[PDB]
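Text of query_19.cif, listed as mmCIF, N, CA, C and O atoms:
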data_data
#
loop_
_atom_site.label_atom_id
_atom_site.label_comp_id
_atom_site.auth_asym_id
_atom_site.auth_seq_id
_atom_site.Cartn_x
_atom_site.Cartn_y
_atom_site.Cartn_z
N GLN T 258 113.16 143.42 114.04
CA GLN T 258 112.26 142.82 113.06
C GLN T 258 112.56 143.41 111.69
O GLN T 258 111.97 144.40 111.26
N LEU T 259 113.54 142.80 111.02
CA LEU T 259 113.83 143.07 109.62
C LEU T 259 112.61 142.85 108.74
O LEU T 259 111.72 142.05 109.06
N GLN T 260 112.57 143.55 107.62
CA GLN T 260 111.57 143.26 106.60
C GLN T 260 112.27 143.18 105.25
O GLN T 260 113.09 144.04 104.91
N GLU T 261 111.98 142.11 104.51
CA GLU T 261 112.51 141.93 103.17
C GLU T 261 111.39 141.48 102.26
O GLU T 261 110.42 140.84 102.68
N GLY T 262 111.51 141.85 100.99
CA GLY T 262 110.60 141.38 99.98
C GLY T 262 109.20 141.93 100.02
O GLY T 262 108.78 142.56 101.00
N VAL T 263 108.47 141.71 98.94
CA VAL T 263 107.05 142.01 98.86
C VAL T 263 106.44 141.03 97.86
O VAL T 263 107.05 140.74 96.82
N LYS T 264 105.30 140.46 98.20
CA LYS T 264 104.60 139.58 97.30
C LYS T 264 103.56 140.37 96.52
O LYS T 264 102.99 141.34 97.02
N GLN T 265 103.33 139.96 95.28
CA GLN T 265 102.26 140.59 94.53
C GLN T 265 100.94 139.84 94.70
O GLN T 265 99.93 140.43 95.09
N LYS T 266 100.95 138.53 94.45
CA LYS T 266 99.76 137.70 94.59
C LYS T 266 100.01 136.73 95.74
O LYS T 266 100.43 135.59 95.55
N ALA T 267 99.73 137.20 96.95
CA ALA T 267 99.86 136.39 98.15
C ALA T 267 98.47 136.04 98.66
O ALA T 267 97.61 136.92 98.78
N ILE T 268 98.26 134.77 98.97
CA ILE T 268 96.94 134.26 99.34
C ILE T 268 96.92 134.10 100.85
O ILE T 268 97.58 133.21 101.39
N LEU T 269 96.18 134.94 101.55
CA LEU T 269 96.15 134.92 103.01
C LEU T 269 94.88 134.22 103.46
O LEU T 269 93.79 134.78 103.34
N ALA T 270 95.03 133.02 104.01
CA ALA T 270 93.97 132.19 104.56
C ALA T 270 93.87 132.37 106.08
O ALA T 270 94.90 132.49 106.74
N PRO T 271 92.67 132.42 106.65
CA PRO T 271 92.54 132.63 108.09
C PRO T 271 92.99 131.43 108.90
O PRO T 271 93.15 130.32 108.39
N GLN T 272 93.20 131.66 110.21
CA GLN T 272 93.67 130.60 111.09
C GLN T 272 92.59 129.56 111.36
O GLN T 272 92.91 128.38 111.56
N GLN T 273 91.32 129.95 111.38
CA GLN T 273 90.26 128.98 111.56
C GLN T 273 89.96 128.19 110.29
O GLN T 273 89.20 127.21 110.36
N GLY T 274 90.53 128.57 109.16
CA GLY T 274 90.28 127.87 107.91
C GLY T 274 91.28 126.78 107.60
O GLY T 274 90.98 125.88 106.81
N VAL T 275 92.46 126.85 108.20
CA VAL T 275 93.51 125.86 107.99
C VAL T 275 93.88 125.24 109.34
O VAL T 275 94.12 125.94 110.32
N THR T 276 93.85 123.91 109.39
CA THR T 276 94.16 123.14 110.59
C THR T 276 95.28 122.15 110.29
O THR T 276 95.85 122.13 109.20
N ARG T 277 95.58 121.31 111.28
CA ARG T 277 96.62 120.29 111.17
C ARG T 277 95.99 118.91 111.05
O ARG T 277 95.07 118.57 111.79
N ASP T 278 96.50 118.12 110.11
CA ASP T 278 96.16 116.72 109.98
C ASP T 278 96.89 115.91 111.06
O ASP T 278 97.77 116.43 111.76
N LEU T 279 96.51 114.64 111.21
CA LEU T 279 97.18 113.79 112.19
C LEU T 279 98.61 113.45 111.78
O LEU T 279 99.43 113.15 112.65
N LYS T 280 98.93 113.51 110.49
CA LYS T 280 100.31 113.31 110.05
C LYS T 280 101.16 114.55 110.29
O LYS T 280 102.38 114.43 110.43
N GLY T 281 100.54 115.72 110.38
CA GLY T 281 101.25 116.97 110.62
C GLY T 281 101.16 117.96 109.48
O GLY T 281 101.55 119.12 109.67
N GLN T 282 100.65 117.57 108.32
CA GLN T 282 100.58 118.46 107.18
C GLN T 282 99.38 119.39 107.32
O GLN T 282 98.29 118.97 107.71
N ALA T 283 99.60 120.67 107.01
CA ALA T 283 98.56 121.68 107.16
C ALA T 283 97.52 121.52 106.06
O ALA T 283 97.86 121.57 104.87
N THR T 284 96.27 121.30 106.44
CA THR T 284 95.18 121.09 105.49
C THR T 284 94.12 122.17 105.66
O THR T 284 93.95 122.74 106.74
N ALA T 285 93.40 122.44 104.57
CA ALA T 285 92.34 123.43 104.57
C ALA T 285 91.31 123.03 103.52
O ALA T 285 91.67 122.66 102.40
N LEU T 286 90.03 123.13 103.88
CA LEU T 286 88.96 122.62 103.04
C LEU T 286 88.53 123.64 101.99
O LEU T 286 88.63 124.85 102.20
N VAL T 287 88.07 123.14 100.85
CA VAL T 287 87.70 123.94 99.69
C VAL T 287 86.38 123.41 99.15
O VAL T 287 86.22 122.19 98.98
N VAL T 288 85.40 124.31 98.87
CA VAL T 288 84.18 123.91 98.17
C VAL T 288 84.40 124.09 96.67
O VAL T 288 85.20 124.91 96.23
N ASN T 289 83.68 123.31 95.88
CA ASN T 289 83.92 123.21 94.44
C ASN T 289 82.83 123.95 93.66
O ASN T 289 81.95 124.60 94.22
N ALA T 290 82.91 123.83 92.33
CA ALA T 290 81.91 124.45 91.46
C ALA T 290 80.57 123.72 91.54
O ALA T 290 79.52 124.35 91.38
N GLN T 291 80.59 122.41 91.77
CA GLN T 291 79.38 121.62 91.96
C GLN T 291 78.97 121.53 93.43
O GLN T 291 78.20 120.63 93.79
N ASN T 292 79.50 122.42 94.28
CA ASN T 292 79.04 122.67 95.65
C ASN T 292 79.23 121.46 96.57
O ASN T 292 78.37 121.15 97.39
N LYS T 293 80.38 120.79 96.45
CA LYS T 293 80.80 119.80 97.43
C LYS T 293 82.10 120.24 98.08
O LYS T 293 82.90 120.96 97.48
N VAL T 294 82.31 119.82 99.32
CA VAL T 294 83.50 120.20 100.07
C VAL T 294 84.63 119.24 99.72
O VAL T 294 84.40 118.09 99.33
N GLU T 295 85.87 119.73 99.78
CA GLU T 295 87.01 118.97 99.28
C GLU T 295 88.26 119.39 100.03
O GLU T 295 88.38 120.53 100.48
N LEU T 296 89.20 118.46 100.18
CA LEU T 296 90.40 118.64 101.00
C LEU T 296 91.64 118.67 100.12
O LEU T 296 91.87 117.75 99.33
N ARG T 297 92.46 119.71 100.29
CA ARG T 297 93.75 119.81 99.60
C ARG T 297 94.83 120.20 100.59
O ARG T 297 94.67 121.16 101.35
N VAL T 298 95.94 119.45 100.57
CA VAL T 298 97.04 119.65 101.50
C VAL T 298 97.90 120.81 101.02
O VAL T 298 98.35 120.83 99.87
N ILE T 299 98.12 121.79 101.90
CA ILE T 299 98.79 123.03 101.53
C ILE T 299 100.11 123.15 102.29
O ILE T 299 100.48 122.26 103.06
N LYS T 300 100.83 124.24 102.05
CA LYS T 300 102.10 124.52 102.71
C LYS T 300 101.99 125.87 103.42
O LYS T 300 102.31 126.91 102.85
N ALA T 301 101.53 125.85 104.67
CA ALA T 301 101.38 127.06 105.46
C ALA T 301 102.65 127.29 106.28
O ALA T 301 102.98 126.47 107.14
N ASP T 302 103.34 128.39 106.02
CA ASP T 302 104.66 128.62 106.60
C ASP T 302 104.71 129.79 107.58
O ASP T 302 105.25 129.63 108.68
N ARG T 303 104.17 130.95 107.23
CA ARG T 303 104.24 132.12 108.09
C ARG T 303 102.85 132.54 108.54
O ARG T 303 101.84 132.16 107.95
N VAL T 304 102.82 133.34 109.60
CA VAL T 304 101.60 133.96 110.09
C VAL T 304 101.76 135.47 109.97
O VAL T 304 102.84 136.02 110.20
N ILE T 305 100.69 136.14 109.53
CA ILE T 305 100.67 137.59 109.39
C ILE T 305 99.41 138.06 110.10
O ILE T 305 98.30 137.89 109.58
N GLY T 306 99.57 138.64 111.29
CA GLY T 306 98.42 139.00 112.09
C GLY T 306 97.74 137.78 112.67
O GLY T 306 98.25 137.17 113.62
N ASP T 307 96.58 137.43 112.13
CA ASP T 307 95.88 136.21 112.51
C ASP T 307 95.54 135.41 111.25
O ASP T 307 94.45 134.85 111.12
N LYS T 308 96.45 135.38 110.29
CA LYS T 308 96.20 134.77 108.99
C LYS T 308 97.42 133.98 108.55
O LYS T 308 98.54 134.50 108.55
N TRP T 309 97.22 132.72 108.17
CA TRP T 309 98.29 131.90 107.62
C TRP T 309 98.49 132.24 106.15
O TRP T 309 97.54 132.17 105.36
N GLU L 152 102.05 103.28 107.46
CA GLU L 152 102.23 103.79 108.81
C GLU L 152 101.21 104.86 109.18
O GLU L 152 100.82 104.95 110.34
N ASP L 153 100.75 105.65 108.20
CA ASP L 153 99.69 106.62 108.46
C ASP L 153 98.39 105.91 108.82
O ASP L 153 97.69 106.29 109.76
N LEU L 154 98.09 104.83 108.10
CA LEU L 154 96.88 104.07 108.34
C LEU L 154 96.97 103.27 109.64
O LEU L 154 95.96 103.11 110.34
N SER L 155 98.16 102.79 109.98
CA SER L 155 98.36 102.11 111.26
C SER L 155 98.25 103.07 112.43
O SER L 155 97.74 102.69 113.49
N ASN L 156 98.71 104.32 112.25
CA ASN L 156 98.44 105.35 113.25
C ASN L 156 96.95 105.61 113.39
O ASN L 156 96.47 105.83 114.50
N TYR L 157 96.22 105.63 112.27
CA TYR L 157 94.77 105.86 112.36
C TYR L 157 94.07 104.75 113.12
O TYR L 157 93.20 105.01 113.96
N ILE L 158 94.49 103.50 112.88
CA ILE L 158 93.95 102.35 113.60
C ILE L 158 94.23 102.47 115.10
O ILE L 158 93.30 102.52 115.91
N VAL L 159 95.52 102.59 115.47
CA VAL L 159 95.94 102.64 116.87
C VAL L 159 95.38 103.86 117.58
O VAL L 159 95.04 103.80 118.77
N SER L 160 95.17 104.96 116.86
CA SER L 160 94.62 106.16 117.48
C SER L 160 93.14 106.00 117.79
O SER L 160 92.73 106.16 118.94
N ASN L 161 92.31 105.67 116.78
CA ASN L 161 90.90 105.75 117.11
C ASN L 161 90.00 104.69 116.47
O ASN L 161 88.84 104.98 116.19
N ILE L 162 90.48 103.46 116.24
CA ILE L 162 89.53 102.36 116.12
C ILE L 162 90.00 101.25 117.05
O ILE L 162 89.43 100.16 117.05
N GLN L 163 91.04 101.52 117.84
CA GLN L 163 91.51 100.57 118.84
C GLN L 163 90.78 100.73 120.16
O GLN L 163 90.47 99.74 120.83
N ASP L 164 90.48 101.97 120.55
CA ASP L 164 89.71 102.24 121.76
C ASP L 164 88.24 101.79 121.70
O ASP L 164 87.76 101.25 122.70
N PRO L 165 87.48 101.97 120.61
CA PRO L 165 86.12 101.40 120.61
C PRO L 165 86.07 99.91 120.33
O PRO L 165 85.01 99.31 120.54
N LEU L 166 87.15 99.30 119.86
CA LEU L 166 87.09 97.89 119.49
C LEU L 166 87.14 96.98 120.70
O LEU L 166 86.56 95.88 120.67
N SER L 167 87.82 97.39 121.77
CA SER L 167 87.89 96.60 122.99
C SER L 167 86.71 96.85 123.92
O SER L 167 86.63 96.21 124.98
N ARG L 168 85.79 97.76 123.57
CA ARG L 168 84.58 97.93 124.36
C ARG L 168 83.62 96.76 124.17
O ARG L 168 82.83 96.47 125.07
N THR L 169 83.68 96.11 123.02
CA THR L 169 82.64 95.17 122.63
C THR L 169 82.76 93.87 123.40
O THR L 169 83.85 93.45 123.80
N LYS L 170 81.62 93.23 123.63
CA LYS L 170 81.57 92.02 124.43
C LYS L 170 82.15 90.85 123.64
O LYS L 170 81.60 90.45 122.60
N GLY L 171 83.26 90.31 124.11
CA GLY L 171 83.87 89.12 123.54
C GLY L 171 85.29 89.31 123.05
O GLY L 171 86.04 88.32 122.99
N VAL L 172 85.69 90.52 122.69
CA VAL L 172 87.04 90.75 122.18
C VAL L 172 88.03 90.67 123.33
O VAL L 172 87.98 91.47 124.27
N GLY L 173 88.94 89.71 123.25
CA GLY L 173 90.01 89.60 124.22
C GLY L 173 91.18 90.47 123.82
O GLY L 173 90.98 91.60 123.37
N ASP L 174 92.39 89.97 123.99
CA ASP L 174 93.54 90.72 123.50
C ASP L 174 93.62 90.63 121.98
O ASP L 174 93.06 89.73 121.36
N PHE L 175 94.31 91.60 121.39
CA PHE L 175 94.43 91.68 119.95
C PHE L 175 95.79 92.28 119.60
O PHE L 175 96.53 92.75 120.48
N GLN L 176 96.10 92.27 118.31
CA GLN L 176 97.45 92.60 117.84
C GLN L 176 97.32 93.42 116.56
O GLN L 176 97.08 92.86 115.49
N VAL L 177 97.49 94.73 116.68
CA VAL L 177 97.44 95.60 115.51
C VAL L 177 98.71 95.42 114.69
O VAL L 177 99.80 95.17 115.22
N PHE L 178 98.57 95.52 113.37
CA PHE L 178 99.71 95.37 112.48
C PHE L 178 100.43 96.70 112.38
O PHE L 178 99.80 97.74 112.18
N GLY L 179 101.75 96.67 112.50
CA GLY L 179 102.46 97.93 112.60
C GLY L 179 102.28 98.54 113.98
O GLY L 179 101.94 97.86 114.95
N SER L 180 102.52 99.84 114.06
CA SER L 180 102.39 100.55 115.33
C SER L 180 102.07 102.02 115.04
O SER L 180 101.90 102.42 113.89
N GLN L 181 102.02 102.83 116.10
CA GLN L 181 101.61 104.22 115.99
C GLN L 181 102.78 105.07 115.49
O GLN L 181 103.83 104.56 115.08
N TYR L 182 102.62 106.39 115.51
CA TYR L 182 103.63 107.29 114.98
C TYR L 182 104.81 107.46 115.93
O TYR L 182 104.89 106.87 117.01
N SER L 183 105.75 108.29 115.49
CA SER L 183 106.91 108.72 116.24
C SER L 183 107.44 109.98 115.58
O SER L 183 107.48 110.05 114.35
N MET L 184 107.85 110.96 116.38
CA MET L 184 108.44 112.16 115.80
C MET L 184 109.85 111.82 115.35
O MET L 184 110.81 112.01 116.09
N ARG L 185 109.98 111.32 114.13
CA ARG L 185 111.24 110.75 113.68
C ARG L 185 112.09 111.82 113.03
O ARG L 185 111.65 112.50 112.09
N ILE L 186 113.31 111.98 113.53
CA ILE L 186 114.19 113.10 113.23
C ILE L 186 115.30 112.61 112.31
O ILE L 186 116.03 111.68 112.65
N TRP L 187 115.42 113.23 111.14
CA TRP L 187 116.37 112.78 110.12
C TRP L 187 117.57 113.71 110.14
O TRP L 187 117.53 114.79 109.55
N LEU L 188 118.65 113.28 110.78
CA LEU L 188 119.85 114.10 110.84
C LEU L 188 120.57 114.10 109.50
O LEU L 188 120.64 113.09 108.81
N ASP L 189 121.13 115.26 109.15
CA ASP L 189 121.84 115.44 107.90
C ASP L 189 123.33 115.50 108.21
O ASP L 189 123.74 116.38 108.97
N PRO L 190 124.16 114.58 107.70
CA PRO L 190 125.56 114.54 108.15
C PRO L 190 126.41 115.70 107.68
O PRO L 190 127.31 116.12 108.42
N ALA L 191 126.14 116.25 106.50
CA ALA L 191 126.89 117.41 106.03
C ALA L 191 126.52 118.65 106.82
O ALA L 191 127.38 119.49 107.11
N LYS L 192 125.26 118.78 107.21
CA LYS L 192 124.85 119.94 107.99
C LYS L 192 125.11 119.74 109.48
O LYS L 192 125.03 120.70 110.24
N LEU L 193 125.38 118.50 109.92
CA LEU L 193 125.99 118.30 111.23
C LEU L 193 127.47 118.64 111.21
O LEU L 193 128.02 119.09 112.22
N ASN L 194 128.14 118.40 110.08
CA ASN L 194 129.51 118.85 109.90
C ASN L 194 129.59 120.37 109.91
O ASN L 194 130.53 120.95 110.47
N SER L 195 128.61 121.04 109.31
CA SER L 195 128.67 122.48 109.09
C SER L 195 128.56 123.31 110.37
O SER L 195 128.88 124.50 110.33
N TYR L 196 128.11 122.73 111.48
CA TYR L 196 127.97 123.48 112.72
C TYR L 196 128.78 122.90 113.88
O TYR L 196 128.59 123.33 115.02
N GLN L 197 129.68 121.96 113.60
CA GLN L 197 130.49 121.23 114.58
C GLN L 197 129.62 120.55 115.65
O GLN L 197 129.66 120.88 116.83
N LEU L 198 128.84 119.57 115.19
CA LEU L 198 127.95 118.84 116.08
C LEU L 198 128.08 117.35 115.84
O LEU L 198 128.02 116.89 114.69
N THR L 199 128.25 116.60 116.92
CA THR L 199 127.99 115.17 116.92
C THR L 199 126.51 114.92 117.15
O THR L 199 125.82 115.77 117.72
N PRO L 200 125.98 113.77 116.71
CA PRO L 200 124.58 113.47 116.99
C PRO L 200 124.29 113.19 118.46
O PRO L 200 123.12 113.27 118.87
N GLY L 201 125.31 112.88 119.26
CA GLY L 201 125.11 112.78 120.70
C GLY L 201 124.75 114.10 121.34
O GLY L 201 123.94 114.15 122.27
#

Could you show the structure in this file as C-alpha cells?
Amino acid sequence: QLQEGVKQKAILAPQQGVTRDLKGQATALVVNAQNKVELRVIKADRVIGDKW
Amino acid sequence: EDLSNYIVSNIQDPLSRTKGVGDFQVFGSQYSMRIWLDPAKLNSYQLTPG
C-alpha cells in the first residue's frame, strides 16, 4: 500500500450521505440557506475509512 | 433514455395493475451497461475486442 500526495482542503463526506442514482452518478443531498433540501451530482472516487 | 429507464423501471409495474389496461408499448427501452471501447488503448495493450 503505497502512499503519495497530500491534500490541503479535502472534503470527506460520509457513506450514508452519498448514494447512487439510477443512472450511476454519485449524488448527495444539500440543504440551503433558505432551509430547503437540494440535489447536486458529485464525483466520489476514493474511500478513506468509512468516508467518500 | 434516462427518462425511458425511469418509465420502464417504476411506472410500468403500477400501470398494468389498473382495471382495463391491456398490452402497451413504452417508447424507447430500459438501460444497458454500455461499454465504449477505445481503439488506441486497445492497441496499447495488444487486445482485440473479441

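Minimum distance to residue 281 in chain T across T:263, T:269, T:296, T:301 (counting only C-alpha atoms) occurs at T:301.
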
Could you write out as a short mmCIF file (atom, residue, chain, number, x, y, z; two decimals) with N, CA, C and O atoms, keeping the file's coordinate frame the residues of chain L within 8 Å of chain T, counting all atoms listed in the file?
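The resulting file, iface_33.cif, is shown below:
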data_model
loop_
_atom_site.label_atom_id
_atom_site.label_comp_id
_atom_site.auth_asym_id
_atom_site.auth_seq_id
_atom_site.Cartn_x
_atom_site.Cartn_y
_atom_site.Cartn_z
N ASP L 153 100.75 105.65 108.20
CA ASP L 153 99.69 106.62 108.46
C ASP L 153 98.39 105.91 108.82
O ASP L 153 97.69 106.29 109.76
N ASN L 156 98.71 104.32 112.25
CA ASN L 156 98.44 105.35 113.25
C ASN L 156 96.95 105.61 113.39
O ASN L 156 96.47 105.83 114.50
N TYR L 182 102.62 106.39 115.51
CA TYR L 182 103.63 107.29 114.98
C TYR L 182 104.81 107.46 115.93
O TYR L 182 104.89 106.87 117.01
N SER L 183 105.75 108.29 115.49
CA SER L 183 106.91 108.72 116.24
C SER L 183 107.44 109.98 115.58
O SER L 183 107.48 110.05 114.35
#

### Query
L:152, L:160, L:173, L:188: which is nearest residue 200 in chain L, counting only N, CA, C and O atoms?
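Of all the options, L:188 lies closest to residue 200 in chain L.
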
#### Entry: Interatomic distance (Å, one decimal) between atom C of residue 285 in chain T and CA of residue 299 in chain T
7.7 Å

### Query
Can you tell me how far CA of residue 167 in chain L sits from CA of residue 154 in chain L, in Å to one decimal?
18.7 Å

## Note on the structure
In Å and to one decimal, atom C of residue 305 in chain T is distant from CA of residue 267 in chain T by 12.1 Å

### Message
Quick one: residues within 10 Å of residue 273 in chain T, only C-alpha atoms, excluding same-chain residues fewer than 5 positions away - as number ranges by chain?
### Response
T: 285, 307-309

### Message
Please extract the residues of chain T with a backbone DSSP assignment of strand (DSSP E) and present them as number ranges by chain.
### Response
T: 275-277, 283-288, 294-298

### All alpha helix (DSSP H) positions in chain L, as a list in words
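So, restricting chain L to alpha helix (DSSP H), we get residues 153, 154, 155, 156, 157, 158, 159, 160, 161, 190, 191, 192, 193 and 194 of chain L.
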